[PDB]
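Report on one structure; see the data block that follows.
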Amino acid sequence: XXXXXXXXXXXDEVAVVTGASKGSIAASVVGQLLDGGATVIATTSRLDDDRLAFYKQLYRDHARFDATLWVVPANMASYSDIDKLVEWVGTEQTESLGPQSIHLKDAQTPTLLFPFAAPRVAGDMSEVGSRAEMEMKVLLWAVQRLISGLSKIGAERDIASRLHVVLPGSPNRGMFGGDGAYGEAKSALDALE
Amino acid sequence: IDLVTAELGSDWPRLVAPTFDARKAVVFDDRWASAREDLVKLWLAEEX
Amino acid sequence: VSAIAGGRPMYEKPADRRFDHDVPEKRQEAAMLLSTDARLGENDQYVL
Amino acid sequence: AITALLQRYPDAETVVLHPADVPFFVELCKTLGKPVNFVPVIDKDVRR
Amino acid sequence: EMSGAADXXXXXXXXXXXXXXXXXXXXXXXXXXXXXXXXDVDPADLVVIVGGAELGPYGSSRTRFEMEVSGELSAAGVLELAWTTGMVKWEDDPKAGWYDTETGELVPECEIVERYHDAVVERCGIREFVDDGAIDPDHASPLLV
Amino acid sequence: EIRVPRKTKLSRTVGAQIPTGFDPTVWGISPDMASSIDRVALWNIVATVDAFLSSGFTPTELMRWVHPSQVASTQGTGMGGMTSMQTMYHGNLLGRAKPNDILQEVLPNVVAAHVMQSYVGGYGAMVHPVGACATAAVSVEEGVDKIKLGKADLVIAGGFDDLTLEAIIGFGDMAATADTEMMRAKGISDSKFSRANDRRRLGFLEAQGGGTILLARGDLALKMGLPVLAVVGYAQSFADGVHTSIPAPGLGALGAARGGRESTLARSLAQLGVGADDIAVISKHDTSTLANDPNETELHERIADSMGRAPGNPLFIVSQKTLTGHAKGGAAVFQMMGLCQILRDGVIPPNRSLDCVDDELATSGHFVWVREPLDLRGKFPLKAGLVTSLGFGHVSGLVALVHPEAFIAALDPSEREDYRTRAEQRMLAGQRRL
Amino acid sequence: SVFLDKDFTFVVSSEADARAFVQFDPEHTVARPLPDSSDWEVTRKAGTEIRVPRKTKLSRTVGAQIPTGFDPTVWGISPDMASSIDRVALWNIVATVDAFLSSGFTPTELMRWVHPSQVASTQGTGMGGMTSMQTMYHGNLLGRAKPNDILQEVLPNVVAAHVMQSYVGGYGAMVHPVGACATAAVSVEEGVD
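Those protein sequence lines, which keep their order, are chains S, L, B, X, C, A and U.
Residue numbers for the first sequence follow PDB author numbering, beginning at 2125 and rising by one.
Residue numbers for the second sequence follow PDB author numbering, beginning at 2029 and rising by one.
Residue numbers for the third sequence follow PDB author numbering, beginning at 3042 and rising by one.
Residue numbers for the fourth sequence follow PDB author numbering, beginning at 822 and rising by one.
Residue numbers for the fifth sequence follow PDB author numbering, beginning at 2415 and rising by one.
Residue numbers for the sixth sequence follow PDB author numbering, beginning at 2608 and rising by one.
Residue numbers for the seventh sequence follow PDB author numbering, beginning at 2560 and rising by one.
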């Protein structure tokens, strides 16, 4: 292993993944991206240390050479968050040490984008029934602004690099009546194309 | 503000509250540190 | 008697021997503490 | 029976009766159906 | 079917009374090979640690070491801390046992973890400063101009 | 001229404090003592009692084997008597009724003086180091010194300090303490804010408490038949030098590694037939400040580098300040205590406050920072630890600690077997007493 | 300490200082923004705690004092040091210089014959830093401007620490006995050790 380490090579991929949480498809994608020598932006809805400790566990396992992981508190339901997040994702990659500590926003042009953020139905505040209306902002409209947001950064900072956005389409609309959520919502992705 | 709430509902204004701030970010760029601790844990616990 | 009259005996040191050449001495900082017999020459007036 | 229990708990052989287990035993001597055949404690009630 | 399977419960009889307590602390030796000469070393010139103790945010050396190495207290860990924190008291009044000091209630060794440790963790170790001096540096510190 | 009452809001809302509900009364200290003495005194008094309880109880049993003038007390403080000090300067200027014994009770030596009056009653040496943050290890050094010269055959070494109002405002003003308002802004809970060697380390958490150890002559320990917790292979304090710069940390603790095979560190080991590779664990001061951590790391990295530490045989290091916080006077004793417990149990405690290792520390290859406990069982032994502490104003210190079973090898098989017999009987009687 | 029997007349204060006032009393004190000047009025009601200046006559009118007109400046101590350090520090600093003057002068001449880690400092105190201590406990409770280095300068070991920084520059041992009245001889003991 010491001999194989000496000749070891690396690859590079810059990705932004949302909905990366524990026991999910994207979490298996994240560790695999890290397995492929990538650079990954991972967002978590719950900022609690139990979620924070998980990504540390996931990273210290599947991380290769050249691999850098980034975990942040994020809410895809907030337009402010989306604008503020990518304004952070697209700025500098610089750290200024003056009398104080200022970290200038890290700039990495996203190769892959994975909008796997998946709101779940939990209605404690009584929100029931209005959720399918609100999620249409999140699953599409806010994604649209997310796609538009990273398009601005790419155009302003002038990159010809194509951000590959994998659109998490639901399987085979119309031939299932039992899902109730996936089947109908993701058919407009054909309209988004 | 009562009229605006009447139209949109109770949950929409409360859930739309801001969350993200630029100062809470956490970056892990160290493999070098985590790989060393990872190996010694294997070396000591080796059974199979 | 030279100290009593002139106000000489108290001189607060700039610590010349520490920083004497900015680049190497900061690098030589480790090497000094490590090896036993490294000391001051008198002829340069107490150089490290 | 004694062997069966204290085989499961071998530590019972090397240690002290817990300071809170002493009042319990003396308490049981007082509530016992037929009065205890011995003297568990030397105290004010020793005559009793 | 599966919601129903989740909605249809049942109770398998479980009769259990559990308690928490332990033997006095022992020592586990380590395997070390040593090739040595006896008379060579002067015992008068050697310094040896006979014993030691500490008083700190985590309690004595026994409880602090448990929290440092393990991260959770044993039976003796919570029993000792509850005693030091003054949760449990000892009365020679009838019923003759360990009693809760705050509410005046008799306690066994088992429930010590359940009834206390939650509050022990909060009020031991590192926490917001509890004011025993009737002054809070962070909130209000008396000034006179 | 009138002095008119006002108020202030301060930055530090959190400290590492002795568990709520602690009483010296529960331990059995009389109310008269509690009144008359400073809070810091209650810490060293109870600690001394529990320190003895490790082996013997009655302090006069020492006078059976030893003439009383051969009993020593070496007890360090960074300040000590803080309460009793702040009690006078308030009280006098405020004309409030305050105790007459104040100046006696503010002497940092008076605390163990109270213990010698109340408990041991020894006729022998009393020393009371001031090491700032390093007093504890500095105290051990002199406790070691008192024995080897025959001045005293039994010493008590330790350190203690208290956390009060104006202790906090001195640090927070000095900028050295972590600012709680900033920690909450970064989403840091009170338990997680002391992080050693972490990239984000913001400065130290202030704490309170005290601890002590009983150091004795090796020949006496066998003769009295007490437990041997560990061998102190060496102890040293070290200064740094002339400089203007305030962040520039003292590196002078490297002086112990000078000379290689001829070095004090290696010769101390070699006398037990122990090599440089045989130090597995260093207990760092690990103040969690940005100044101390990388410097102490560079220091420990270099002391290993020149002594011929085998490449990539890193010193596994624990940070106890992440748990217990930083108590100035009793810092290195809590580390001293932990190190003994490390040697006997074999277990190397984690730093559970470590999210990420500082990327600067990568340059040190002889140093390993462990986030999770590595527990050494019966098949996986250990050998020797090192306690290092850096006090304020170039106070630096090093204490080399070695496993007890290294000493038992000097008795020859007949006497070695005879000692284990006595030590075994003592443990059983010791468990009884405790 | 006296309790105000009836409400005190309002006084003008800054917003930062007046909010602080509220943090002590708050049922017993009253504070308001003055719309024009943006500052706050502080009114203490009945039941507040007030500390009122008084005096005392004491028994000791005489002490053994260093001859009047002594200056560390005359000996050549810089004004920056005089300010930053306690009075007790000026005593040990000048004494150390004159102590060396008995034999050698330049403290680094010791490093010719000796490795710097073999230079030790054993310096006792009964209390030490007394001024710097009484300076904090007055000053803080009085909110007067006082130095930030106070707790560092109250450590009885910091005084010779100041001397090692300013003069000798030794890399070796530092011990600081507390012998009450006996520190001096107690210090010699450990210096010998």
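C-beta atoms are modelled at their ideal positions from N, C-alpha and C, and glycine is treated no differently.
Using 8 Å as the limit for Cβ to Cβ distance, is residue i near chain C?
| i | result |
| --- | --- |
| U/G2702 | yes |
| X/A822 | no |
| residue 2754 of chain U | The structure shown does not extend to residue 2754 of chain U, since chain U is modelled only from 2560 to 2752, so the question has no answer here. |
| U/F2562 | no |
| X/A841 | yes |
| U/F2583 | yes |
Are any of the Cβ atoms in chain B nearer than 8 Å to that of residue i?
| i | result |
| --- | --- |
| U/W2599 | no |
| A/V2849 | yes |
Does residue i have its Cβ less than 8 Å from a Cβ in chain X?
| i | result |
| --- | --- |
| C/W2497 | no |
| C/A2510 | yes |
When you compare only the Cα positions, how much space is there between residue i and residue j?
| i | j | result |
| --- | --- | --- |
| S/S2272 | S/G2304 | 29 Å |
| X/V867 | X/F859 | 11 Å |
| B/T3077 | A/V2747 | 25 Å |
| A/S2643 | A/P2706 | 8 Å |
| A/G2972 | A/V2713 | 46 Å |
| S/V2210 | S/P2292 | 20 Å |
| A/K2614 | U/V2571 | 15 Å |
| B/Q3086 | C/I2463 | 47 Å |
| S/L2263 | S/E2280 | 26 Å |
| A/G2817 | A/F2941 | 8 Å |
| U/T2627 | U/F2664 | 28 Å |
| C/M2416 | C/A2490 | 44 Å |
| A/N2804 | A/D2965 | 6 Å |
| X/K855 | A/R3040 | 35 Å |
| U/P2736 | A/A2939 | 17 Å |
| S/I2206 | S/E2216 | 18 Å |
| X/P844 | C/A2510 | 6 Å |
Does residue i have its Cβ less than 8 Å from a Cβ in chain L?
| i | result |
| --- | --- |
| A/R2978 | yes |
| S/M2249 | yes |
| S/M2260 | no |
What I want to know is whether the C-beta of residue i ends up closer than 7 Å to one or more non-hydrogen atoms of the ligand MG.
| i | result |
| --- | --- |
| L/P2041 | Annotation note on the ligand MG: not contained in the displayed structure, which lists no ligands. |
For chain S, is any of its Cβ atoms less than 8 Å away from the one on residue i?
| i | result |
| --- | --- |
| L/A2053 | yes |
| L/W2040 | yes |
| L/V2032 | no |
With a threshold of 8 Å between beta-carbons, can residue i be considered close to chain A, or not?
| i | result |
| --- | --- |
| U/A2590 | no |
| U/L2710 | yes |
So, does the CB of residue i fall closer than 8 Å to a CB anywhere in chain D?
| i | result |
| --- | --- |
| S/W2212 | Structure shown: chain D not included; protein chains present are S, L, B, X, C, A and U. |
Output yes if chain U places a C-beta closer than 8 Å to the C-beta of residue i; else output no.
| i | result |
| --- | --- |
| B/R3080 | yes |
**Prompt:** Can we say the stretch 2640-2659 of chain A touches the stretch 2467-2476 of chain C, given the rule of at least three CB pairs closer than 8 Å?
**Reply:** Output reads yes: the stretch 2467-2476 of chain C touches the stretch 2640-2659 of chain A.
**Prompt:** Would you call the stretch 2719-2732 of chain U and the stretch 2787-2804 of chain A touching, i.e. three or more CB-CB distances under 8 Å?
**Reply:** no
**Message:** Just to confirm the assignment: which complete alpha helix (DSSP H) runs, minimum length 4, are found wholly within the stretch 2769-2793 of chain A?
**Reply:** 2772-2781 and 2787-2792
**Request:** Mind the definition here: the stretch 2773-2784 of chain A touches the stretch 2612-2628 of chain A only if three or more C-beta pairs lie below 8 Å; say whether that holds.
**Result:** yes
**Prompt:** For the stretch 2599-2630 of chain U, which residues have a CB atom closer than 9 Å to at least one CB atom of chain A, in sequence order?
**Reply:** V2601, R2603, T2607, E2608, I2609, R2610, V2611, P2612, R2613, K2614 and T2615
**Asked** At a Cβ cut of 9 Å, what residues of the stretch 2188-2206 of chain S count as close to chain L, listed as they run along the chain?
**Response** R2188, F2189, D2190, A2191, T2192, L2193, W2194, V2195, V2196, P2197, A2198, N2199, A2201, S2202, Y2203, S2204, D2205 and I2206
**Request:** Could you tell me which uninterrupted alpha helix (DSSP H) segments, each at least 4 residues in length, are contained entirely in the stretch 2610-2675 of chain U, listed from first to last along the chain?
**Result:** 2638-2643, 2646-2659 and 2669-2672
**Asked** How do the stretch 2496-2504 of chain C and the stretch 2528-2544 of chain C stand: do at least 3 beta-carbon pairs fall below 8 Å, yes or no?
**Response** yes
**Request:** Mind the definition here: the stretch 2680-2693 of chain U touches the stretch 2539-2549 of chain C only if three or more C-beta pairs lie below 8 Å; say whether that holds.
**Result:** no
**Request:** Could you list the residues in the stretch 2470-2488 of chain C with a C-beta less than 7 Å from some C-beta on chain A, going in chain order?
**Result:** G2470, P2471, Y2472, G2473, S2474, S2475, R2478, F2479, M2481, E2482, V2483 and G2485
**Asked** What residues in the stretch 2911-2923 of chain A have a beta carbon less than 8 Å from any beta carbon of chain B?
**Response** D2912 and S2913
**Request:** Scan the stretch 2991-3010 of chain A for residues whose Cβ lies nearer than 9 Å to a Cβ of chain L and list them as they occur along the chain.
**Result:** none
**Where the stretch 2679-2697 of chain U meets chain C: residues whose CB sits under 9 Å from a CB there** = none
**Prompt:** Is the stretch 2838-2851 of chain A touching the stretch 2994-3013 of chain A in the sense that three or more CB pairs, one from each, lie closer than 8 Å?
**Reply:** yes
**Request:** For the stretch 2698-2730 of chain U, list the alpha helix (DSSP H) runs that are entirely contained and at least 4 residues long, ordered along the chain.
**Result:** For the stretch 2698-2730 of chain U, whole alpha helix (DSSP H) runs of length 4 or above, ordered along the chain, are 2709-2712 and 2717-2722.
**Asked** Should the stretch 2905-2913 of chain A be called in touch with the stretch 2857-2868 of chain A, which here means at least 3 C-beta pairs below 8 Å?
**Response** yes
**Asked** What are the complete alpha helix (DSSP H) segments, minimum 4 residues, inside the stretch 2448-2526 of chain C?
**Response** 2475-2483 and 2489-2498
**Message:** Using a Cβ distance threshold of 8 Å, determine whether the stretch 2165-2174 of chain S contacts the stretch 2192-2206 of chain S, with at least three qualifying pairs required.
**Reply:** Cβ pair count under 8 Å is three or more, so yes.
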